[PDB]
Amino acid sequence: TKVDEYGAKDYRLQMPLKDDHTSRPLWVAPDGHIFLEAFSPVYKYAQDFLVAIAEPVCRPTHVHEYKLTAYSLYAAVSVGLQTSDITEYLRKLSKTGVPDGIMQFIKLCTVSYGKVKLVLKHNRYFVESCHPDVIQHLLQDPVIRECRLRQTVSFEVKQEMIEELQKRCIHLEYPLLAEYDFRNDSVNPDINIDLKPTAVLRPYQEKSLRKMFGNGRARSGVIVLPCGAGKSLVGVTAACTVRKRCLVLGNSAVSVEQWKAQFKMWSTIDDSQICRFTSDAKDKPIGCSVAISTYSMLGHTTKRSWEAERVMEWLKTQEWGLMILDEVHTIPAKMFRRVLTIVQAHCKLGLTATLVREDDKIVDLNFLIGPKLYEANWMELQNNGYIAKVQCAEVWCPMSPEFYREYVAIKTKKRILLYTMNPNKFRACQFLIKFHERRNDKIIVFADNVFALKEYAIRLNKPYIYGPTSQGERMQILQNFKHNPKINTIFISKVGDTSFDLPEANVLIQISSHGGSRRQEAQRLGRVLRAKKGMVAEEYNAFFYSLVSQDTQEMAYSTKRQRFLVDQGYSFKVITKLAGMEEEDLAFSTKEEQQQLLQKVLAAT
Amino acid sequence: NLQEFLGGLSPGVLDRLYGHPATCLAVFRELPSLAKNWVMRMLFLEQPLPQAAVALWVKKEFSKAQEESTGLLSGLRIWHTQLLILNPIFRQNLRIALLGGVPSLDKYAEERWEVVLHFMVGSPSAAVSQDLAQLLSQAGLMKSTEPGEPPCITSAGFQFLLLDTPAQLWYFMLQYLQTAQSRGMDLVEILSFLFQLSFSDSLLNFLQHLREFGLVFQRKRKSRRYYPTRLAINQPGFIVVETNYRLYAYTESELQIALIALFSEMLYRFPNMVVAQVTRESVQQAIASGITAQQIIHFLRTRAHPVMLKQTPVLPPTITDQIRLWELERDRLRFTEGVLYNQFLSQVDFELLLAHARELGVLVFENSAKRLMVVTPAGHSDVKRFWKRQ
Amino acid sequence: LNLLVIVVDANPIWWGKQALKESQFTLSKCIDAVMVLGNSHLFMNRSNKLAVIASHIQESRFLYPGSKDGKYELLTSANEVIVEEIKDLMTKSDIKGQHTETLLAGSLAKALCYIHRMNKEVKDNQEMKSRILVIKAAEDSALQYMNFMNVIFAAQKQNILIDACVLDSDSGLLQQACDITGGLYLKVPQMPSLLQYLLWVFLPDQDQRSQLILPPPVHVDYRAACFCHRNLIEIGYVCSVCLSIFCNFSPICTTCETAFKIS
Amino acid sequence: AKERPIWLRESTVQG
Ligand SMILES: [Zn+2]
C-alpha cells in the first residue's frame, strides 16, 4: 500500500525482520507473494510446504516465486492443513515475520471452508451443511431460490444451475466441497479395474496423486504435468485408485485412441470393459462402464442421432465416480464447459500440460473443476532426467529490405503472410535443417500459415502435413519419419500442436507462430520433451528454435509468447547470426528470387 | 593510471616532484618488473655507462620487456645518456630513501563516500557542502546552470556512478589534481602528499578536501596529526540474477538500491532484500541517460552474490545478451554530421578531391559507384577553399 | 611475493683475523652491505619480506624476526634491530678452543624451517618464492658434510634456491650444495666492491633470473673417495647396508660387520 | 562427438 520513491512498495514499517534471517530462507510479502531460496539447506522442506499452500508463478533456478490465494488455501485445507498447521510453520520459516493482512487472509480462507458441502446422490445434488446458520444467511439473495428446483441440513438444487451457484459461492465466501468418498459408497458398485505391477510411477507422479488423495476421499482438482511426464499414466492411476465408473474426455480422435491404448497398457481391466463413445467407431458404450469420449460429442448442441441420443441419455442417467478431463485449458469454452453440467460426476479430475490462456477464463477452472492440486516443476524434472533438457533459442532473422518496405507501407494485415515468408528466415531455416540433418537430429518444423508452410515444403521438397491432409497419407508420412533413415524431418501445421503421439525429435524449428499464444508455444515445446533412452540433462540433446523476424510484430508476439516458458525457467538464448550461413549455399541468394517470392506473396491476396 | 599521470609531465616539474621523503619510492614501486633492478644497480655509480651494455644486459628472449622498461624510464627521465647515469638529485634522494638520511577508519571512509554518492544521485537527504558541490560540478560529471535549483547529473555522471569504488575514487582524484592546477593550487605539493600517504594554506585546503572525501580523519578537532583511512593508501557481492530478468539484491544501504533502480524497475523492498526487474524501459532509460551495457554488466558481475559464483559464467548468457542487444538497438541509427556533393562532371576531379580529403582526414564516407562523398562541416570550409582555388 | 633469508657466516675467528691484519674489508662493512641488500630487497615491493641469520662456532641466531632522519619506518626498524642484535652477539661469546670451525648446516636448517613456517602462515592466495642468500666467510668443516647434505636435499624438495656468495675461499661443499638446487654461485674476489655484486647477481629473484645475463655456473667436481683414504676414486664398492664408498674389495666392510658370502 | 552448435554454445551477439 505504501510506495517508495521508486516503483517498489515500501514495507519498512509494515513487518519486522527476524534476527536469524540467514537461517530463515523464506519471504512473505503483504500481497501474498513469497520468494523462496533454492540454495538454502532446507530448500526441499520449504518447497514442499510452499507447494502445498501456494501455486507457483515463477520458478527460476535461484529464487522461486509463489503466490497464495483462496483456492490454494482451500486445497491446503482439503489435504488437511489447518489454519494453525500452516500459519505457525509459515511464521517459523519466514525470515521477516507474517504481515497481519496475510494472517487474517489465511484465517478467513481456512475458516470459510467445509461449512457448505455439495453431494450428488440418486441424480440429485444436495447442498449439505452441518451448520444451519450458513444456509440461513446464504438464502438472502433471490438467485438461490430461483436456482433451487421447484443438524446436517441439505436441500436439492437444479442440475443446470450448479455452475452459476458454485461461482456465486466462491465470491460469497463459502466454497463448496467436492470430495468423493469412494471408500464409503454403496450406491454405485465398484468397477473391476486394477493397476498392474508393470506400470511404474515416478516420484513426482506419486506426489501429485498423494496431493489429490490427501485423505481417504478423493479430491476434485487440476494436476498440471508435462505431456512427456506421463499425465496419461497419472490419470489411469487415479481412475484405478478410484475403483469406480470413470469417464475420460479427450479433445480429438487421436486423444481418445491414445487414452484407450493407455488404459489397456497400464490397467488390467479387460478390453471389452472399455468403450469408445466416438461417432467414427463405437464399442457398445452402454455395455461397459469405463468410457472414453470427446467434448464435442458430449456437448453437441445440434440434432443428435438416434444411437448417440440413447448413449447420451444413458450417460446422463448414470452417475460417474470419476470424470477425467484431458487438456482442461479448453474447458472454459462455452460448449466444452456445458459438458460439465451435462454429465454428473462426484470428482472431475483435470489433466493438462499447458494451463495458460489469454482470456481471463483460466481462473474459472478453479470452480469449474477445482483448485490446481499439483503443478510439476519442469526444472526439477529436467535435473532428474525425466524430461529431456532443451536448449531454447530464438533465431533473429533480419528482414529483407523490399519485404520490410511493403510490410511497413501497408497498414493492412497481409504482414502475417509477409513477415512469416521472408528470404532471410527461409535461408536460416534451410541452413538449420541442413545442419541438423547432417547431425542426424529429427526435425519437426512448425508454421501457422498453411500457405507459407506449403511454399517452404515445396521449395525444400519435404512432406508437409496440414488439416485436410488425408489420414492415410498422414500416417504414412509419420511412419516414414519414424523409420526411414533417408528422411528425418516433417513439416507439421497447427494440427500438430492440437493432439498427437509423435516420435521423439531432437530439434523443433518454428518458422511461424499463430500469435501471442502461450498455449501453442508450450504445446509445441512439449513434443521434444520426450526423454531419450540414455541421454543426459547437461548434454542439451534437445533443441527448440523459434525463428523470428527482426523489427516486426513477430518480435512482440514471440516476447509475449515465451512468458510461460521463462516462468517455468527455460532461458531463451537470442541468436543474431548463424556461423557458416555465408559459406553454405542456400536458396534466395540473389535479388531475383526474393522478387518472385514477393510477387507471389502480393498476388496471394 | 598513475603511470600516465606522471608520464604527462615536464622535466622541470619532474625533478622538483622527486622530493626526498617519498616520491623516489612511490615512483620506484611503479616500476613494473626490471627497471627496479637497474635502478638499484646504478644507484651507487657516479660514472655513466654506454647504452650498448644496457641493450645487451637482457637475453634475447623477453627483450620487449627491456625496450618497454627503457622507454618508460626515459620518459620518466630517471637517467640521462650524457654521451646512462641517473639524475644526481634522484640518486641522492633514493640513497636517502635506502639506508640514508583502523576498523572505525575504514567504516568512516565507507560512510563518507556513501553520502558523497548519495549527494551525487538525486537523494533528498545528503551532506551539504558548497565547496564539494562546485568541485563536482567543475569535475565534468555535474552541471547546475542554476544556483537556486540543485544541480542535476550529466551523462558522464551515471558512468562515473556505476564504476567500482577503487577506479571511481582514482578518477575522482585525477580530476581533482587537474582542477587543482586550474584553480592555482600547486600540483607538486599536493601530489607528494598522496605518495607519502602510502607509506601551508594549500596543504590545509587539500587535506580538508581529502577529509571531505573521507580518505583521512584527524579525529582531534582538525589537529596536525592525521590517520589515513584504507582508501587513502590507494567485498562479497549481494545481487542474485535470474533467467527472467529479475534481480534479488541483499541491500540495506539506499545507495545500492538507487544504483540498481538507475537501470532496473523496482518491485518489492524487504528489510534485507529488494526485488527489481531489468526491463526494456529501464535499460533503455539508462542507455539514453548515457550508460552503456558494459558498465551495467560489470556492475552486476562485481556485485554478484556468492550463490551464482559457482555457475560459469557468473552472469547468465541470456541476461548479458539481452542487455547488449537492448543497447545496440538504440544506436542502430548512427548520426554523423556531413556535407554531400552532387553533379560531378568528371570522375577525375572527384577522385582528386577524394585523395585530398583522405590526406586531410576530412572525408567521412565515399561512394565511387555513385560518384559522391560526405564531408564534415569542419572540413567543409577546407574543401570549399580548395574548390575556390581550383 | 619473495621471502629472502640472508645466512651470514660471521665467524669471529676469521673476521678477527682480518681485524688483526687491519685489512680494508671488515665485518662491519660486510654487515652494512648485507643490510643494504635486505633493505633493497624489501624496497623492491611491499609484499616482499626478508630475514637474517648469523652463524657462530657455538650457535646461529636470528638478526631479524620514527623518521628521525626522514627515513622509512620499516627499514629504520630493520637497521636498528639488526645493528643492536649483531653487536650483542659479537660482544658476548664464550671461548672454546676445541670447536672453532664455523657452523652453517644448523643455520641453514633454521632458515629452512623458518621458511616452512612462513609458507604455512601466509595466505594461500599469494604464492611465495623463498630464497636463501648464503654468504660464507670461512672454510667449512669436514664433519658437517652429512647434515649439510640432508638440509640441501630438503631444500631441493621444498623448492628453495641456495644462492652461495663465498668469498676468500671456495667451499666445494657449498658449491655442490647450490648446484643441486640450482642457486647461483658467485665468488667475489673484490671484497670492498661486494655490494655491487649483490645488487646484480643475487638481488634479482628467480622470476627474472632466467631472463637476465649472469655469470656462468662454475664446474662442480662431484668427487668420490674411499673411507680409508679420503682420496678421489672413480670406482666404489658399496654394500647394501652401509651404502659407503670403499677402497677395494674386502671380505667384509668394517662399517657393516655383515656376513658377506663370497662367490 | 554429438557436440552442441557454436551459435548455442556461445553468444552470437556482437559484444
Ligand atoms: Zn656394510
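Conventions used here
Residues numbered from 1 in each chain as written, not as in the entry; some residues may be left out. Chains lettered and ligands numbered in written order. Part of a larger assembly, values for the part shown. Heavy atoms only, no water. Helix = DSSP H or I, 4+ residues; strand = E, 2+ residues; numbered from the N terminus. Rg over C-alpha atoms; globule rule 2.2 N^0.38 Å. Buried < 20%, exposed > 50% of the residue type's maximum accessible area, 1.4 Å probe, protein only. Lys, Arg positive; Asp, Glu negative; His and termini not counted. Charge placed at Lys NZ, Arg CZ, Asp CG, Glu CD. Salt bridge = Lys/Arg side-chain N within 4 Å of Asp/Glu carboxyl O. Pairing = 2+ DSSP bridges. Contact = heavy atoms within 4.5 Å. Buried area = accessible area lost by both parts, 1.4 Å probe. Polar contact = N/O pair within 3.5 Å; in protein donor to acceptor, adjacent residues only side chain to side chain. Nonpolar A, V, L, I, M, F, W, Y, C, P; charged D, E, K, R; others polar. Donors = N, O, S within 2.8 Å, 3.2 Å for Na, K, Ca; no water. Tetrahedral: all angles 85-135°; square planar, octahedral: opposite > 155°, others 65-115°. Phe/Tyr/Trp six-rings, centres within 6.5 Å; stacked < 30°, edge-to-face > 60°. UniProt positions renumbered as here; feature names shortened; annotations may be inferred. Expected span 1.5 Å × (residues − 1). Arc of directions from axis to C-beta. Axes fitted to C-alpha atoms, helices over the stretch in contact; angles between N-to-C directions. Parallel < 35°, antiparallel > 145°, perpendicular 65-115°, else oblique. Left-handed = near helix turned anticlockwise from the far one by under 90°. Patch = residues over 30% accessible without salt bridge, like charges linked within 9 Å, V, L, I, M, F, W, Y side chains within 5 Å. Areas by Shrake-Rupley, 256 points an atom, 1.4 Å probe, with all protein chains shown as cover.

**Side note on the overall build of chain B**
Stage number 1. A tally of regular secondary structure across chain B gives 20 helices and eleven strands.
Stage number 2. Its C-alpha radius of gyration of 27 Å places chain B more than 25% over the 21 Å reference for a compact globule of 390 residues.
Stage number 3. Each principal axis of the C-alpha distribution contributes one length, and for chain B these read about 75 × 70 × 50 Å.
Stage number 4. A buried classification covers 47% of the 390 residues belonging to chain B.
Stage number 5. Across chain B, the centroid of the 39 positively charged side chains sits 5 Å from that of the 34 negatively charged ones.

**Quick notes on the pattern of salt bridges**
Stage number 1. Overall, the coordinates contain 44 salt bridges over all chains when judged by the stated rule.
Stage number 2. Between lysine 95 of chain A and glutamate 37 of chain A there is a salt bridge; the shortest N-O distance is 2.4 Å. In this pair, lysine 95 of chain A is assigned in the loop between α3 (83–93) and α4 (100–111) and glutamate 37 of chain A in strand β2 (residues 33–37), connecting sequence segments 58 residues apart. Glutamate 37 of chain A carries the same exposure label as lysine 95 of chain A, and that label is buried.
Stage number 3. For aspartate 441 of chain A, the salt bridge identified is with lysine 2 of chain D, shortest N-O distance 3.9 Å. You can see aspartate 441 of chain A sitting in the loop between α18 (423–438) and β18 (443–446) and its partner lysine 2 of chain D sitting in the segment before α1 (6–9), one on each of two chains.

**Here we look at the pairing of β2 of chain A**
Residues and elements named next belong to chain A.
Stage number 1. Within β2, five of the five residues are buried, which leaves the element mostly enclosed by the surrounding structure.
Stage number 2. By the bridge criterion, five bridges tie β2 to strand β4 (residues 63–67) in an arrangement that is antiparallel. Within β4, the position partnered with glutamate 37 by the bridge is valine 63.

**Description of the interface of chain B and chain C**
Stage number 1. Taken together, the 26 residues of chain B in the interface contact 23 residues of chain C.
Stage number 2. Taking both partners together, chain B and chain C bury about 2400 Å²; carbon and sulfur atoms supply 66% of that area.
Stage number 3. Scanning the region where chain B abuts chain C turns up five residue pairs in polar contact.
Stage number 4. Listed by contribution, the elements that provide at least two residues to the side of chain B that touches chain C are α3 (23–30), α4 (35–41) and α7 (88–97) of chain B.
Stage number 5. Broken down by class, the residue content of the side of chain B that touches chain C amounts to 16 nonpolar, five polar and five charged.

**With respect to the coordination of the zinc ion**
Residue and element names in this part refer to chain C.
Stage number 1. With distances of 2.3 to 2.5 Å, the protein atoms coordinating the zinc ion are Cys239 (SG), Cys242 (SG), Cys253 (SG) and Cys256 (SG).
Stage number 2. Coordination geometry of the zinc ion: the four donor atoms subtend angles of 106 to 116° at the metal centre, consistent with an arrangement described as tetrahedral.
Stage number 3. Donor residues binding the zinc ion come from one chain and are separated in sequence as C-x2-C-x10-C-x2-C. Pair noted here: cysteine 239 is in the segment after α8 (206–209) and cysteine 256 is in the segment after α8, with a separation of 17 residues, a long-range link.
Stage number 4. Take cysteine 239: its relative accessible area is 23%, and that puts it in the partly exposed class.

**Some remarks on the packing of aromatic side chains**
Stage number 1. The final tally for this structure, using the stated rule, is 45 aromatic pairs over all chains.
Stage number 2. When the centroid spacing of 5.9 Å and the interplanar angle of 80° are considered together, the rings of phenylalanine 199 of chain B and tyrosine 72 of chain C count as edge-to-face. With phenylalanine 199 of chain B in the loop between α12 (187–197) and α13 (201–213) and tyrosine 72 of chain C in the loop between β3 (60–64) and α3 (73–91), the pair connects residues from two separate chains.
Stage number 3. A relative accessible area of 16% places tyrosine 72 of chain C in the buried class.
Stage number 4. Centre to centre, the rings of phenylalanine 227 of chain C and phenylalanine 246 of chain C are 5.8 Å apart; their planes meet at 55°, and the pair counts as tilted. Residue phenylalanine 227 of chain C is found in the segment after α8, and its partner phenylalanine 246 of chain C is found in the segment after α8; the two are separated by 19 residues along the sequence.
Stage number 5. Using a relative accessible area of 11% as the deciding quantity, one classes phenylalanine 246 of chain C as buried.
Stage number 6. In textbook terms, an aromatic cluster arises when at least three aromatic residues are bridged by ring pairs, as seen for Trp113, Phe172, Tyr176, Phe193, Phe206, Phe213 and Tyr226 of chain B.

**Concerning the interface of chain B and chain A**
Stage number 1. Listed per partner, the contact involves 30 residues of chain B and 36 residues of chain A.
Stage number 2. Of the roughly 2800 Å² buried at the junction of chain B and chain A (both faces included), carbon and sulfur atoms supply 60%.
Stage number 3. Where chain B packs against chain A, one counts two salt bridges.
Stage number 4. Ionic pairing is found between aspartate 551 of chain A and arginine 332 of chain B, a salt bridge with its closest N-O pair at 2.3 Å.
Stage number 5. Its residues placed into classes, the side of chain B that touches chain A shows 17 nonpolar, six polar and seven charged.
Stage number 6. Pairing between strand β1 (residues 9–10) of chain A and strand β7 (residues 265–270) of chain B: two bridges, direction parallel. Note on β7 of chain B: the bridge partner recorded for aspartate 10 of chain A is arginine 269 of chain B.

**Some remarks on the sheet that holds strand β5 (residues 239–241) of chain B**
Stage number 1. Taking strand neighbours across the sheet as the criterion, the five strands line up as β1(A)-β7(B)-β8(B)-β6(B)-β5(B) in an open arrangement whose pairing is mixed. At either end of the open sheet lies a strand with only one pairing partner, and these are β1 of chain A together with β5 of chain B.
Stage number 2. In the sheet, β7 of chain B pairs with strand β8 (residues 273–277) of chain B via five bridges, with the strands oriented antiparallel. Bridge pairing links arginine 269 of chain B to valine 274 of chain B in β8 of chain B.

**Observations regarding the sheet that holds strand β8 (residues 176–177) of chain A**
Residues and elements named next belong to chain A.
Stage number 1. The mixed open sheet is built from four strands, whose spatial order is β7-β6-β5-β8. Every interior strand has two partners, whereas the edge strands, β7 (156–157) and β8, have only one.
Stage number 2. As paired elements, strand β5 (residues 116–121) and strand β6 (residues 124–128) share five bridges and run antiparallel to each other. Within β6, the residue paired with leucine 118 across the bridge is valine 127.

**A few points about the UniProt feature "zinc finger region: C4-type" in chain C**
Stage number 1. Listed under "zinc finger region: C4-type" in the UniProt record, and renumbered for this structure, are residues 239–256 of chain C.
Stage number 2. Helix makes up 0% of residues 239–256 of chain C and strand 0%, with an end-to-end C-alpha separation of 8 Å.

**Some points on α4 of chain A**
All names here are of chain A.
Stage number 1. Along its twelve residues, α4 runs 16 Å from first to last C-alpha, staying within 8% of the 16 Å computed at 1.5 Å per residue.
Stage number 2. Within α4 the residues assigned to the buried category are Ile102, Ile106, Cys109 and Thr110. Angular distribution of buried residues about the axis of α4 spans 95°; they occupy a single face of the element.
Stage number 3. On its buried face, α4 sits against α2 (70–78) and α3.

**Focus on the packing of helix α1 (residues 43–53) of chain A against α3 of chain A**
Residues and elements named next belong to chain A.
Stage number 1. The N-to-C vectors of α1 and α3 enclose an angle of 135°; their axes lie 12 Å apart at closest approach. For the element pair α1 / α3, the angle class is oblique. Here α1 and α3 pass one another in a crossing that is left-handed. Mapping the contact onto sequence places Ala46, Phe49 and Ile53 in α1 and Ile86, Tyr89, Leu90 and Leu93 in α3.
Stage number 2. A per-class count over the contact of α1 with α3 returns seven nonpolar, no polar and no charged.

**So, a nonpolar patch on the surface**
Residue and element names in this part refer to chain C.
Stage number 1. Where nonpolar side chains cluster on the molecular surface, the patch consists of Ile235, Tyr237, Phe249, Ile252, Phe260 and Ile262 and spans about 660 Å² of accessible area.
Stage number 2. Tracing the backbone through its elements, the reader meets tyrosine 237 in the segment after α8.
Stage number 3. For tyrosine 237, a relative accessible area of 39% puts it in the partly exposed group.

**Focus on the side chain of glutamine 295 of chain B**
Stage number 1. With respect to the helices, strands and loops of the structure, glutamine 295 of chain B is situated in helix α17 (residues 293–302).
Stage number 2. Look past the residues within four positions of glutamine 295 of chain B in its chain and what remains in contact with it is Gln159, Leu162 and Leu163 of chain B.

**So, α7 of chain B**
Stage number 1. Restricting attention to buried positions, one finds in α7 of chain B the residues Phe90, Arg91, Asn93, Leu94 and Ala97 of chain B.
Stage number 2. The inward-facing, buried residues of α7 of chain B contact α3 and α4 of chain B together with α2 (27–44) and α3 of chain C.
Stage number 3. Taken from the residues just after α7 of chain B, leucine 99 of chain B is the one with a positive phi, measuring 50°.

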